[PDB]
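When reading the values below, keep in mind they use all heavy atoms of this one structure, side chains included, and skip hydrogens, waters and symmetry mates. The sequence lines fix the lettering, A, B, ..., with proteins before strands; numbering per chain opens at 1.
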Protein chains: 2
Amino acid sequence: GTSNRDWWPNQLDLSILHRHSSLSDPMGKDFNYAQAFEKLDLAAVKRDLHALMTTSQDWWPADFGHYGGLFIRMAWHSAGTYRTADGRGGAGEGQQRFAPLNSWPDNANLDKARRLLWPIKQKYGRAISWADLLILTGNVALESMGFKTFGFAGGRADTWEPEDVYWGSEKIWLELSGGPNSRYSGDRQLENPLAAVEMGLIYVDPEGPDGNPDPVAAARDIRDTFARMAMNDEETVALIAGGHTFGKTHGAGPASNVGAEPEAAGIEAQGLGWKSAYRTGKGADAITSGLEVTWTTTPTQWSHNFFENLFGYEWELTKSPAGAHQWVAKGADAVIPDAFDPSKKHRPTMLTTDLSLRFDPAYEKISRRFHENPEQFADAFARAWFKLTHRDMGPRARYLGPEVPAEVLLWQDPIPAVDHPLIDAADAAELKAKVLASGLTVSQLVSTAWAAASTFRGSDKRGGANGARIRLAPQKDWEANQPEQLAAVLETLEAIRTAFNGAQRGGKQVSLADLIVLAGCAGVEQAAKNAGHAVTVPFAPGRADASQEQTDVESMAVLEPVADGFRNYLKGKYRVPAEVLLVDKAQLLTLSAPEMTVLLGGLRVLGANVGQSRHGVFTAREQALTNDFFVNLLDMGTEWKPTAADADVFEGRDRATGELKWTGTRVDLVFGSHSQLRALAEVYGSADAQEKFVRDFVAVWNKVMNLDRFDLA
Amino acid sequence: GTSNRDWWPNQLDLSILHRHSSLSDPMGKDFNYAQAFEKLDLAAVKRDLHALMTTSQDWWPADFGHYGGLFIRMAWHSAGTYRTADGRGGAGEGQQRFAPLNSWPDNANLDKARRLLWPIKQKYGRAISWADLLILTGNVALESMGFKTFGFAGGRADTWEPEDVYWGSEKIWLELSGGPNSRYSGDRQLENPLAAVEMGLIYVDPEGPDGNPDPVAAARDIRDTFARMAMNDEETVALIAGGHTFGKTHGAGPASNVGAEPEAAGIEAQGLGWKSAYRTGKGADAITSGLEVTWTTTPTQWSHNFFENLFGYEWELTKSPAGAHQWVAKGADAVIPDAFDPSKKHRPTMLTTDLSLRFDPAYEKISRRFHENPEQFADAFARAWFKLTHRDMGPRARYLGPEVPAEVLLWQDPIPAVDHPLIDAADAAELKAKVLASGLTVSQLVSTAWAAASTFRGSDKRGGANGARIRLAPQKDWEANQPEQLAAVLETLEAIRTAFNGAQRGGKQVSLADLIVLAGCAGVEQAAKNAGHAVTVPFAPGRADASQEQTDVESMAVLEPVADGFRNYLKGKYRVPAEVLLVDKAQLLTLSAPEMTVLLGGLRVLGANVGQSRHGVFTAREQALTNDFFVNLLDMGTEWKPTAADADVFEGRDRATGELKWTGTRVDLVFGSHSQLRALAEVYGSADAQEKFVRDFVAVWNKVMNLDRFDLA
Ligand code: HEM
Ligand code: HEM
Ligand SMILES: [Cl-]
Ligand SMILES: [Cl-]
Ligand code: NA
Ligand code: NA
């Protein structure tokens, strides 16, 4: 059946905004996963998981009699899709169970792992999500094998359909670089937002870059991908060597024996894939990656053998039974156990990417320090496994259960506890009046609160106005934030704050984080008053101010908006059309198409554009909260044409006189072109819609102001 | 960006079920269009429309100073996409304004018509839907030009995204038949459910079949397509000649002058398309279809000149200025007015398809009767225009406003008024107990109520249990309905009915339509009781019983289920996989994926399968309402393989012993295969899910029982 995507493959796609509807979710509208989890008997679940480790099923027998390696890999792949550029991927939504991730080549036979966990999932039902269960199982595998974890938080709610993530443009699994849809250009520069070297891989190619078995060049890829997953050199080394202390790879025969991945398999496969024609197709005969490497002399127990082997032998290039490049220890005895036959032993083996930990000079220093000080290695690995598996969970307030680590970690973007009375409704009214008496304008107030709140992204639940990080490096210097204007607003709000707090007794005080947001609310109220209308903008106090030392400047850099169509901002010239980037921003803000539409139209007329641009400011009463944007956008009296100077700017002229009435960007005019967006704009541009527009604007403004408010969830 | 559809293009698509979410709808959750419409000043709207017909805009000047022909075409196209096979298309959702219909070649320049209506749309806002306004404008156009319409109903609520309709498989607009995706096979057999001869056409090619200008062969296509749009020969002739009493076609120059359709046009086009490089590109120079025909001497006034010309001249094959085949009156005077130059006149002209009305022998007899009796022609046209424009509106209960026709028409599947008090809650309890005491089984009761209610389709709002048409021809003899079993059930319910009604005082009585539904309710309660669970199934009385004489048997044929995966039923062998057909049926029933899932799993274990088939009956307590279907489908101890006899039937065997446990179809096992459906099944198959399964089942059962209950809206 031919579809709209076939006819118009470059038309803007809005379905990414209308994912995660109550239509596809089986749980009732009222279901609250945190509440269900909080009642789970987590200790019972962990007992069941421990039992499972050595309960081998014949349809996928356990290596060494212990599923722990398989499960650590499962948990590591669940978390390992995470990209810092957009916060997408990661373990927090359980997306490993859906397309495409359930069928990525690097996820081969993790279908079997997941199926092993169905009886437990079934037994505890809604009180433990698959998303949580996958991480918990990895933890229990570690514990079962003698490694003490740093802790565990529940609270990842399950999702019910695939997310729309850009995973690259290649049309071939595992395609090497430089093809027609290459994710690399220049001197091996990976395109943002990607964090893997090939389509369908988690990070890097275990044989080496584009298959070339060079550990030194492989290190470069490892460093770059892992940095794009928020991991530094120490964390990277700890995770790779820690992981590879356990289990084995699977490459017992040629890859051509492996059949269809799960999404391609027959209905009778019942959701599994990669069925293999090689010998028994499983166990001793398994084929997953094609590599045949067992790293340590005790693959089912924590040890210090990984670095003992890495440094204690010289390594020779060889091939697995499937023809894959890997490494064998020169002159070594057969000291590695076989996974199934007690009478067979094997020489130590390594991947190319394992040898990178020794042959890259900066990794070599860390690895040697871990070899000499295994307690340092064990602590680094524990910490990095916690980070790996919680990096997309958001503020600590979302962390559930009895194993949450008390230690506050910098990567959590921590927010201090509030320890004083909060402002009440009378105080909020007093502060809004002081703010409006100061001389700050509607445009300034709205722009500043928007700058502060709109850093939030739902993908990894980072950002937002909590913390008052807008006052700190690097937010305060971001171009989109208008650093000089912002400094002036903040100075005035800081003096309001200081004066209010100085007059209180008790310990009541207002945070600057709250005051920024409240001031934005005063600006939206005043804008409604400018339009002749009473309005009340909801405000919830309780944000705190984080310090500079609680704000990792390098980590915060991925939150910088380089495109923000809500402020008609584009930092540079991109390949992707600006309206595409607006929908991507809308998705990160968790907005539906209607919310995106009302929000942008209001921001326009309130003066939120960067640089005071008149692009899309379709009103003759700027700083008044009206539906002017939509009424004027849809007026057929105006004709639109791209300028000579710039094809991404448009001039709107009176159709009869030729006179210039407005200018706009693609972000502006898409509302008058896209057939679904223009249907939305029509509702808000109708003569019966001024009250609707204000009500809907205030609701979405409030939504944005509270996106990070998990302390009120 | 590569998507799941690219990787796995034949995987089943569930997004058709989660269209029309509250996420994409800008109106609040509580908005009720009927309430808004009921207070519209419809007369004021029609006054503004009447004024509009002769107020020309320079950006698309009005032919002859009158937009009436443009707007009649607009409304005929709005309604003209309707197919009886599935009820899809039609005017009732305003889908002309979205992709793909907004960009079909046959809809060329209707973008301009719709734009001309924005000021009115804007003025009246949410109180008149685009869907209604498109039809109302066609009516007003007819009225303004001297034609008395049969009436008008409002109540088509607007939609906010495109429907997922199968419009054919061709990858080229207007592709002639016999291509690699040909919609024709055999001796010019058009594939179901399609109702047009080419991709992007409303019905037929105005030049003739695949462009061969033969009126006799074009008649064949006309008859077949119009029959697939529920029109008979008399209605077809009336419509075509009626329409072509007005306006003109547009073909002033070559087609290559016409640019991109709206979905492909530049953002600056602001939702318009087909911009033409030919002279002024509009008005006297317009190009729409490429044909250049004006049918009558008064294109802005109702007349009987179309048949006068048709029969009063002989016709010669000629070419338009764009090279299209059309017909000109041999030896005629220049009596047809020009659309813009008062000093020019033209000879009469016709399309090939217009001459079909004279050269097809059956059309000729009708056309001649209409020529001799133009009052007959006007009445037939008025009735057929009403049918055309209301065919997908559903039961007369949905019809709103002051111009609804009082005459009840057979094609409306009419339901007699109820004229007696209804049963109350205590009566319903008494009846459920009588039904259960009769000996009728859970399987009988659930199967019969399902058979009666599940003919409903949301596409045109036909079908459902109201009417008790299950007792009548042709429903009572449909294979899916198990005619002999059904007759026995109905006899027993009819005796219960007679005994209850005989005992009442006052005029209280219960309809057989209500009793069939109530009995099904008693069967679901009893099945819950059989499982250890007391539940009350909601029931709403007020259905009435329609007669055989109020039931058009031929029209009812398109509602026969030839595939019903809810009953594990396939009447024959189809190209489309059965699971595809289940999701198509779920969409017709207005079901979400969770609803489809729960409902199927419960039906299985209640014994609703046709023929008492064991396929999918994964329980040892049939006729008890339990979640056994899901628990047993998801049990990894059972291995599934296609049978030798039939690849579409599967055996489930114990994995260890080989013992045969179950058999299933693709419809059953897709719940264990598809990654999204299996996630749903897992929720219902969990150990905490018994109460949820029962509650969700009862709610979806009740929803199906009430699909046609617009009397309670
Ligand atoms: C440069 C990074 C990495 C590369 C290229 C990589 C590569 C792979 C490959 C190819 C396999 C074999 C799959 C198979 O055939 O069954 C595997 C196994 C595994 N990896 Fe990694 N890996 C990396 C990092 C990680 C990390 C960070 C962890 C966890 C902290 C991890 C834990 C595991 C474990 C436990 C196994 C063994 C699976 C089993 O016993 O079934 N690896 N690795
Ligand atoms: C076999 C069926 C039909 C065919 C092949 C057909 C074909 C066409 C074509 C090719 C045009 C010219 C489009 C343009 O170039 O602007 C047109 C115009 C029009 N048709 Fe039809 N038509 C059919 C049926 C109908 C019916 C059922 C109605 C309404 C009852 C309708 C009403 C009109 C009107 C009013 C116009 C004039 C548009 C104007 O003045 O701008 N036609 N038709
Ligand atoms: Cl994601
Ligand atoms: Cl439709
Ligand atoms: Na994420
Ligand atoms: Na329809």
Side-chain angles (χ1 to χ4, degrees), chain A residues 1-2 4 6-8 11 17-18 21-24 26 59 97-100 102 115 118 121-123 125-126 160-162 166-171 263-264 267-271 592-594 634 636 640-642 650 655 666 669-670 672-673 675-676 678-680 682-683 685-689, chain B residues 1-2 4 6-8 11 17-18 21-24 26 59 97-100 102 115 118 121-123 125-126 160-162 166-171 263-264 267-271 592-594 634 636 640-642 650 655 666 669-670 672-673 675-676 678-680 682-683 685-689:
Chain A
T2 318
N4 295 339
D6 303 326
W7 300 114
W8 304 290
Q11 245 315 148
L17 297 190
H18 306 125
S21 69
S22 64
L23 292 168
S24 74
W59 55 261
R97 79 206 183 94
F98 296 121
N102 64 16
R115 186 57 53 87
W118 166 234
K121 183 77 182 79
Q122 178 175 55
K123 161 174 180 181
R126 71 195 188 262
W160 308 99
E161 54 189 301
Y166 177 68
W167 300 113
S169 299
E170 305 96 326
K171 298 304 186 285
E263 291 290 315
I267 212 188
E268 71 277 7
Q270 294 288 281
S592 64
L634 300 169
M636 194 51 182
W640 302 83
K641 299 192 157 173
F650 304 82
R655 212 173 269 282
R666 299 185 65 79
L669 296 189
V670 73
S673 166
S675 50
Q676 296 174 58
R678 178 177 182 104
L680 303 177
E682 283 167 343
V683 170
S686 302
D688 65 349
Chain B
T2 311
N4 300 332
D6 303 326
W7 297 114
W8 301 294
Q11 239 323 315
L17 298 185
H18 75 83
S21 78
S22 64
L23 289 171
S24 69
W59 52 263
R97 74 208 185 98
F98 296 122
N102 67 12
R115 190 55 56 87
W118 164 233
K121 184 78 182 79
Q122 180 175 55
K123 173 170 172 181
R126 69 194 181 264
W160 306 100
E161 55 183 290
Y166 178 69
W167 303 113
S169 296
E170 305 94 326
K171 301 300 190 278
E263 286 296 310
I267 209 165
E268 67 284 358
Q270 296 287 280
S592 70
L634 293 179
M636 190 52 184
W640 299 82
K641 292 178 177 199
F650 304 82
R655 210 173 278 279
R666 295 181 71 77
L669 260 66
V670 71
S673 170
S675 50
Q676 297 172 250
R678 184 171 177 102
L680 302 180
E682 283 168 343
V683 167
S686 291
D688 66 345

Asker: With chain A, which of B:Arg97, B:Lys121, B:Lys123 has the greatest number of heavy-atom pairs at distances under 4.5 Å?
Answerer: B:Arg97

Asker: Can you tell which part of B:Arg666 gets under 4.5 Å to a heavy atom of chain A, answering side chain, backbone, both or neither?
Answerer: both

Asker: Give the member of B:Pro642, B:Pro26, B:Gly271 that has the highest number of heavy-atom pairs under 4.5 Å with chain A.
Answerer: B:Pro26

Asker: If you count heavy-atom pairs under 4.5 Å with chain A, which of B:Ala593, B:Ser169, B:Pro100, B:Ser22 comes out on top?
Answerer: B:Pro100

Asker: Please name all residues satisfying side-chain contact (heavy atoms from CB on, under 4.5 Å) with A:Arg126, sequence neighbours left out, ordered by chain then number.
Answerer: A:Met27, A:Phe31, B:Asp688

Asker: How about NZ on A:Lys641, more than 12 heavy atoms from neighbouring residues, nucleotides or ligands closer than 6.0 Å, or not?
Answerer: no

Asker: Name the member of B:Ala269, B:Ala687, B:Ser592 that forms the most heavy-atom pairs with chain A at distances under 4.5 Å.
Answerer: B:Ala687

Asker: Select, from B:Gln676, B:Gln270, B:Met636, B:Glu170, the one with the greatest count of heavy-atom pairs under 4.5 Å involving chain A.
Answerer: B:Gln270

Asker: Looking at A:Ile267 and B:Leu669, what are the two nearest heavy atoms and their distance?
Answerer: CD1-C, 4.0 Å

Asker: So which of B:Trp118, B:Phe98, B:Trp640 has the largest heavy-atom pair count under 4.5 angstrom toward chain A?
Answerer: B:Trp118

Asker: Quick check: do A:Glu263 and B:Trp7 have side-chain heavy atoms less than 4.5 Å from each other?
Answerer: no

Asker: Quick one: of A:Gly168, A:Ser673, A:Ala264, who has the most non-hydrogen atom pairs under 4.5 Å with chain B?
Answerer: A:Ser673

Asker: Relative to chain B, which segment of A:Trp160 carries a heavy atom at a distance below 4.5 Å: side chain, backbone, both, or neither?
Answerer: both

Asker: Measuring heavy-atom distances to chain B, does A:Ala689 have an atom under 4.5 Å in its side chain, in its backbone, in both, or in neither?
Answerer: neither

Asker: Top residue by heavy-atom pair count (under 4.5 Å) with chain B, among A:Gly1, A:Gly125, A:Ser675?
Answerer: A:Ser675

Asker: Among A:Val670, A:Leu17, A:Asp6, A:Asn102, single out the residue with the greatest number of heavy-atom pairs under 4.5 Å to chain B.
Answerer: A:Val670

Asker: Are B:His18 and A:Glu161 close enough that a side-chain donor and a side-chain acceptor fall under 3.5 Å?
Answerer: yes

